[PDB]
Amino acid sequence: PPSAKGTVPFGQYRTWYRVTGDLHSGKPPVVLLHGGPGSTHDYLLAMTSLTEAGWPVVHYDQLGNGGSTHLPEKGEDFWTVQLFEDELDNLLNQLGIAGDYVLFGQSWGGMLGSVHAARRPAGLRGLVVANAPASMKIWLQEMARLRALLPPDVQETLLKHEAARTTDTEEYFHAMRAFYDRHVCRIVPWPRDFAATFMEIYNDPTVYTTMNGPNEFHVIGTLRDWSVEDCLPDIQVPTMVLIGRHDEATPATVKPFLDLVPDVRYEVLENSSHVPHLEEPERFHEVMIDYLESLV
């Protein structure tokens, strides 16, 4: 239930946002970076709970999907990490919060958040990288590991359709679901917020399919080889790594955060996978509030 919403100009285009709570009360805003790339803020809407403890919360849709400008006819060389860094900087400026803010980055958003934090901006108080790998290379190795633990028939079904690029078929989708049900979202039927974002991706898949791939594990888009490991030593703020025990973002994928970020803490939500804010709503809230209070 938002205290403000709309768009801000981002050069030629628009970026859509929403604030819950009061921006300039006693506590700095928590700015939420959604995953994908090419996902939407919707699946993160549970995190309005943080306003219960006085934290303003800023949800926004990154350029290319949701309430922001859609650019279906922009291709691979337009959809860059620099673009989204520039958008986040622009957004903090337009909302007048560049002077004081905390970043929570989920999935891709945690990778974007790390790149942003590595430039050592003055107003940043803390960084959370939630369900976010440090490297898509390590991600793809770990996907192969997790996929090898699926039933043999599921493994063959995934392979067949990936090879021939028929991943839009019904049969691939239900094999993909055997993976998602373990490591992406263990709640089925899906939470509305999760479904909401999932359908935003279906309706304009430009960004997600360009940068990531057809789904969470089949990463064949332009971020396939991408790693943020080289900027991690430069992050000065206290950082929290938060994953689910069953997360596709496995302990191996987040290990570089633990070894390279100077000030870093580690939390595993034992009954969660990729969306602990939905899977363990209360425990996620408690963990976040505990971390956030150390910053004020």
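All residue numbers refer to positions in the sequence shown, first residue = 1.
Residue stretch of maximal mean CA temperature factor, 135-143 vs 167-175: It is 167-175.
Mean temperature factor over C-alpha atoms, higher-scoring stretch between 196-204 and 215-223: Comparing averages over the C-alpha atoms only gives 196-204.
Residue with highest C-alpha B-factor in the PDB entry, from 35, 244, 66, 233: Within the set 35, 244, 66, 233, 66 shows the top C-alpha B-factor.
Member of 127, 112, 188, 158 with the greatest C-alpha B factor (per the PDB record): Reading the PDB entry, the winner on C-alpha B-factor is 188.
Cα B factor band for residue 62 (lowest, middle or highest third within the chain): Tercile = middle for this residue's CA B-factor.
Within-chain third of residue 39 by Cα B-factor, per the entry: Ranked within chain, residue 39 CA B lands in the middle tercile.
Ranked against its chain, the third holding the CA B-factor of residue 8: Highest third.
Residue 275 CA temperature factor, ranked by third within the chain: Residue 275: CA B-factor falls in the lowest third of its chain.
Residue 79 - Cα temperature factor, lowest/middle/highest third of chain: According to the entry, residue 79 has a C-alpha B-factor in the chain's highest third.
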